[PDB]
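Engineer: Before the rest arrives, take these chains from my complex:
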Amino acid sequence: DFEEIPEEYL
Amino acid sequence: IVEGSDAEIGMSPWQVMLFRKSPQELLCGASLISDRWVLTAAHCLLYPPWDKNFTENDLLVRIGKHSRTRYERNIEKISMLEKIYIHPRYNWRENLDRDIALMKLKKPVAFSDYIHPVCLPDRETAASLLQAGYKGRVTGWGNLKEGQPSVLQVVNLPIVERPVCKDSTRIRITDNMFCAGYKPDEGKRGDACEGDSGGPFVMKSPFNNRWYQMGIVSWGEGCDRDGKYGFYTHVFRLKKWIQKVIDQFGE
């Protein structure tokens, strides 16, 4: 449901 | 937020989203009180009845947001947590007494048109504004009904007389809580709801025109039920605790 955030924050 | 409206852009620039890394989902609201500190409700991080005990690495904060689900490129900032602090006498067993936590961010967040801290009250701002009848403001991305909003929702609600709060419920209300909401007669409605917890109840001081966070969205019995009210953490009553943690672990 949420747009994927940049991978850098994971 | 039940029975609110869409936020205006930049209206609540201290609003923080508490976001679960995996799965990707909203956990709770939160608020920015400085460039490296975020305030929320303890129960957003620690609530054993629901098998909830998050560590720093389980969570992100998303600051500067308006849209719930969109990644707001060039607008929001996403931060990782260095440390979580839950009030040592937070009562998750009984009544959510002292429902307050702090989150120190790994790095300073940069302020902008969309990102800006709220004030915490002093003794006098609290004495002055925490009065039955006086309205505060609650914002969050939580359920619109006891579906879900596209953008940040806002509702202004009156602080309620304390015996009225107590006589609405079987839970023991402490001095670290206050309740807010309109009564059944009043016509106007509104309440926080699921996913709004941890967010701010704020008031704009008529004296210095600054927004102060008077409460944290703590609990309700349903959402926007007649004869029922929302309960908020009394932020000024826990400010010695706030100040201790920040004096000790802040830079």
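Structural biologist: Received the coordinates, thanks. Numbering: from 1, shown residues only, chains lettered A, B, ... in the order given.

Engineer: Give me the buried positions along stretch B:239-251.
Structural biologist: B:239, B:241-242, B:245-246 (16 or more other Cβ atoms under 10 Å in any protein chain shown). For the C-beta atoms, the positions are set from N, CA and C on the backbone; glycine is no exception.

Engineer: Inside helices: which ones of those?
Structural biologist: B:239, B:241-242, B:245-246 (DSSP state H).

Engineer: I'd like the distance between the most centrally placed residue in chain A and residue B:70.
Structural biologist: Geometric centre of chain A, nearest residue: residue A:5, 1.8 Å, by Cα atoms, centre = their mean. Between residue A:5 and residue B:70 the computed distance is 10 Å (Cβ to Cβ, to the nearest Å).

Engineer: what does residue B:77 give?
Structural biologist: 14 Å.

Engineer: For those two, indicate the residue with more neighbours.
Structural biologist: Per other Cβ atoms under 10 Å in any protein chain shown, whichever of residue B:77 and residue B:70 has more neighbours is residue B:77, with 19 against 14.

Engineer: include chain C as well:
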Amino acid sequence: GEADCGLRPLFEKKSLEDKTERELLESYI
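Structural biologist: Next up, chain C placed on what we already have:
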């Protein structure tokens, strides 16, 4: 806590009012 707290860049900082803040002020009787 910060000297600039609680003053919104897009409202107070520009002397602009949001649609419902007067509801709050009117309640501070």
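
Engineer: please look at the buried residues of stretch B:239-251 again, because chain C has been put in.
Structural biologist: B:239, B:241-242, B:245-246.

Engineer: thinking again about what came up before, in terms of contact, does the residue nearest to the centre of chain A touch residue B:78 like I think?
Structural biologist: Yes - contact status for residue A:5 versus residue B:78: in contact at 6.1 Å, counting by Cβ atoms under 8 Å.

Engineer: who touches both of the two?
Structural biologist: Common contacts of residue A:5 and residue B:78 (Cβ atoms under 8 Å, 6 or more residues apart in numbering or on different chains): B:60, B:62.

Engineer: mind putting the buried residues of stretch B:239-251 in CSV, distance to residue B:32 included?
Structural biologist: Formatted as CSV, those follow (distance: Cβ to Cβ, whole Å):
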residue, distance to residue B:32
B:239, 17
B:241, 18
B:242, 14
B:245, 16
B:246, 13
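
Engineer: how about the residue nearest the centre of chain C, what does it touch?
Structural biologist: Most central in chain C under Cα atoms, centre = their mean is residue C:12, positioned 5.4 Å from the mean C-alpha point. Going by Cβ under 8 Å, 6+ apart, residue C:12 touches B:209-210, C:6.

Engineer: All set, thanks.
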